[PDB]
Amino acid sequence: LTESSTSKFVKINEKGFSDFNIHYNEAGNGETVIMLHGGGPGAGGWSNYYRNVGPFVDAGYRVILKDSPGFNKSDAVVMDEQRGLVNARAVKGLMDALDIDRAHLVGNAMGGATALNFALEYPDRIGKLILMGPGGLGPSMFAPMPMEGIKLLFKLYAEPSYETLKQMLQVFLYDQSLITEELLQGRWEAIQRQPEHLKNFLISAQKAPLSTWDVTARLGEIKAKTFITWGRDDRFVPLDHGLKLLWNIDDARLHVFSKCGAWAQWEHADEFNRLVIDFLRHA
C-alpha cells in the first residue's frame, strides 16, 4: 500500500461545514476503523499511521486514515470552537458521505480528543474507542503546563524551520535513532506545502485555548469499550491523564509502553498493532 494508491477525497456537509474537502487514505473492506492524527505542523493520516494501516487491513478491517480539517490535504479552516469537537463533526460528515453506519475510532493526541468528542456527540455511530495520549483533558496533577512538547509545537507553527522541526521530533520520540532523514523531509514537505494551515492553526488556538477542549466532566457518558494507550515518556500529553480516563470511563483499560514518546503506534508498532487488533476482535 502507498499514499498515492489509497488517496481519496470527499466533500462533507455537517453543521458548520459546507462542501468542505476532506482528504483520507483508505484500504481494506471489512469493519471500518477510522484513524485520527495529532495536531503538530505537517501532521496527516498517512504519515501518522503508515506502520499501522497494513496490519489492520491484513486483519480484515477497512482502514480510513483521515486528514482533519486544517491539516495536510484537507481544506484550510479557522476554528472558533475547540478542535476536538469541530474535528468530530468532520468525522461524522465523512461517515455520512461514505454511508458508514458505525466506525471504530483510533486517535492520538489531538486525534484522541477528536475521538472522545465523537463518542460523546454521536454515541450511536461509534464501535470501539482507542485512545493514545489524548490531548486537552485539563490540568495534570504532576506536569507543569504547557507541556515541553506543546511549547515546541507552538514554536514550529509560528517560526517553521527544518531545525525546529528536528527539535520537535527529538522531543516527540523517545528513541532518537528513529529520526531518519525520510521522516524529517516528509514532515517538512507537508509544512512547506501548506503554509496557510500553520497560520490558521495559530489563529484558531487564540480563539479556543486548550482549556476549552476539556471534556473531563462528560466522560461518564461514554458507553464505548475503550482501550487507552500511553507512552511512559510522552512529553506532550501527561501520563496521569491515562489514569484520569481509566477512572472516569465506564469500560476502559490502560496500556503503557516503556521507552515511548507521543507516537506509540509508530515507536511500538508491532505491540500496538497486536494489542489493538486483539481488542477489536475480542473485547
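The first residue of the shown sequence is 1; numbering continues from there.
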Which of 33 to 41 and 52 to 60 has higher mean CA B factor, as the PDB entry lists it:
52 to 60
Between 17 to 25 and 271 to 279, which has the larger average Cα B-factor in the PDB entry?
17 to 25
Taking the values straight from the PDB record, which of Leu85, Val78, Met145, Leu156 has the highest C-alpha temperature factor?
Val78
Report the option among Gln170, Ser211, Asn117, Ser140 whose CA atom has the maximum B-factor in the deposited record.
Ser211
Third of chain Cα B-factors occupied by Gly107
lowest
Name the third of the chain's ranked CA B-factors that contains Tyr162, choosing lowest, middle or highest.
highest
For the chain shown, is the CA B-factor of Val91 in the lowest, middle or highest third of its modelled residues?
lowest
What third of the chain, by the recorded C-alpha B-factor, contains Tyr122?
highest
For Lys223, does the deposited CA B-factor place it in the lowest, middle or highest third of the chain?
highest
